[PDB]
Amino acid sequence: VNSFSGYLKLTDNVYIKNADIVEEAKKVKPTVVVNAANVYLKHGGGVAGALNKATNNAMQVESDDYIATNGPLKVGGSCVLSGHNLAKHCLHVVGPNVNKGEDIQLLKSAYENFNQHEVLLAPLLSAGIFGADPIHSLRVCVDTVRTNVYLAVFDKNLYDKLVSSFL
Ligand SMILES: CCc1c[nH]c2ncnc(NN3C(=O)CC[C@H]3c3ccccc3)c12
């Protein structure tokens, strides 16, 4: 038993809710919150901008030190950093940005990072301002992640259709 409440069970291990990941994280304080990062960990907008703002920019300060030491992530890759006031850890995961010509097949590689963590709170990767189809992304998530993932989808009408049309 865990503390996530109000989710719809899509499969044995994937759950979904219409919620803001920032508010879910503050309420639950999960072991792992996933950020929809870019390779530079520049958390300017989208989920990343919202998460970083909720940390009072501490996520960005930590991220800039990480990049100065290690260089950029790979598209499809990830790193584990602090969760600050939102979670124990933040798993920064880079899905492909199709608006940059990046291979959408890399979305599966991105979701594979979730399997290194038994339980996660996460957004749909590559959705929103990353430009991919959120229905597709949900399919890749379900077909790739084997650990327990709680998906927060902030957009109401997108959420409404995802669960009503999920096979
Ligand atoms: C962005 C606003 C927002 C605040 N808190 C959130 N919590 C969860 N998901 C969110 N957005 N997203 C969707 O509804 C579907 C795709 C996803 C998204 C990811 C990355 C960038 C933009 C959008 C949000």
Side-chain angles (χ1 to χ4, degrees), residues 2-4 14 16-17 19-134 136-138 140-141 144-155 158:
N2 62 49
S3 168
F4 290 101
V14 180
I16 192 167
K17 182 183 180 185
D20 174 9
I21 197 175
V22 179
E23 292 309 312
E24 285 292 298
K26 285 197 270 194
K27 178 172 79 74
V28 174
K29 303 292 258 70
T31 305
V32 181
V33 66
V34 173
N35 180 31
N38 58 57
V39 298
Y40 307 110
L41 302 181
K42 288 174 59 108
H43 310 303
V47 161
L51 287 168
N52 175 57
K53 180 177 174 182
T55 75
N56 185 41
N57 210 50
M59 176 180 287
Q60 192 62 68
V61 172
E62 176 196 32
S63 293
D64 286 351
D65 170 83
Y66 172 93
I67 296 284
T69 297
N70 300 108
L73 296 181
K74 298 169 181 181
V75 180
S78 70
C79 68
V80 180
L81 291 172
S82 181
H84 300 277
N85 52 316
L86 302 176
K88 190 172 192 297
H89 303 105
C90 179
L91 181 69
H92 296 270
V93 180
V94 184
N97 181 0
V98 173
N99 287 197
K100 302 182 185 128
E102 295 175 351
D103 169 25
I104 194 65
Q105 305 288 123
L106 293 176
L107 184 55
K108 190 175 183 72
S109 302
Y111 276 119
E112 287 171 343
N113 295 287
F114 289 26
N115 289 320
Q116 301 293 318
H117 303 277
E118 288 195 350
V119 183
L120 316 86
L121 170 64
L124 286 170
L125 299 177
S126 296
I129 71 175
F130 279 66
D133 177 8
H136 174 68
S137 181
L138 178 58
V140 178
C141 180
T144 304
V145 182
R146 299 176 299 283
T147 54
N148 293 143
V149 56
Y150 290 83
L151 295 171
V153 172
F154 188 50
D155 196 84
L158 172 65

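Residues: numbered from 1 along the sequence shown. These values consider heavy atoms only, across backbone and side chains, with no hydrogens, waters or symmetry-generated copies.
- Nearest heavy atoms, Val94 versus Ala110: O-CB, 3.6 Å.
- Take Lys100 and apply the salt bridge (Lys or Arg N to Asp or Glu O under 4.0 Å) test, not counting sequence neighbours, and it matches no residue.
- In this structure, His92 and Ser78 have side chains that are not in contact, with every pair of non-hydrogen atoms separated by 4.5 Å or more.
- A 4.5 Å side-chain heavy-atom check between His89 and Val80 finds at least one atom pair inside the cut-off.
- Taking both residues in full, the closest heavy atoms of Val34 and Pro123 are given as O-CD, 3.4 Å, listed atom of the first, atom of the second, then distance.
- Closest heavy-atom contact between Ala58 and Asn52: N-OD1, 4.2 Å.
- Between the side chain of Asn113 and the main chain of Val93, no donor-acceptor pair closer than 3.5 Å is present.
- Residues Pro96 and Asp103 are not in side-chain contact: their nearest non-hydrogen atoms beyond the backbone lie 4.5 Å or more apart.
- In this structure, the side chain of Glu118 does not engage the main chain of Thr147 through any donor-acceptor pair within 3.5 Å.
- Counting only heavy atoms from C-beta outward, the side chains of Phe154 and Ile21 never approach each other to under 4.5 Å.
- Between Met59 and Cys90, some side-chain heavy-atom pair lies under the 4.5 Å cut-off.
- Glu112 pairs by the salt bridge (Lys or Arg N to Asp or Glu O under 4.0 Å) definition with nothing, not counting sequence neighbours.
- Considering every non-hydrogen atom in both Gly46 and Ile129, the closest pair reads N-CD1, 3.9 Å.
- Checking side-chain atoms of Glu24 against main-chain N and O of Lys29 turns up no donor-acceptor pair under 3.5 Å.
- There is no side-chain donor-acceptor pair under 3.5 Å between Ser63 and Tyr40.
- No side-chain heavy atom of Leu120 sits under 4.5 Å from any side-chain heavy atom of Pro30.
- Counting heavy atoms from C-beta outward, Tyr66 and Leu81 have side chains that approach closer than 4.5 Å.
- There is no side-chain donor-acceptor pair under 3.5 Å between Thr31 and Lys88.
- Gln60 contributes a side-chain N or O that, together with a main-chain N or O of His43, makes up a donor-acceptor pair within less than 3.5 Å.
- Proximity of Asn97 to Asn38: side-chain heavy atoms (C-beta onward) are nowhere separated by under 4.5 Å.
- In this structure a side-chain-to-backbone donor-acceptor pair under 3.5 Å is missing from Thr144 to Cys141.
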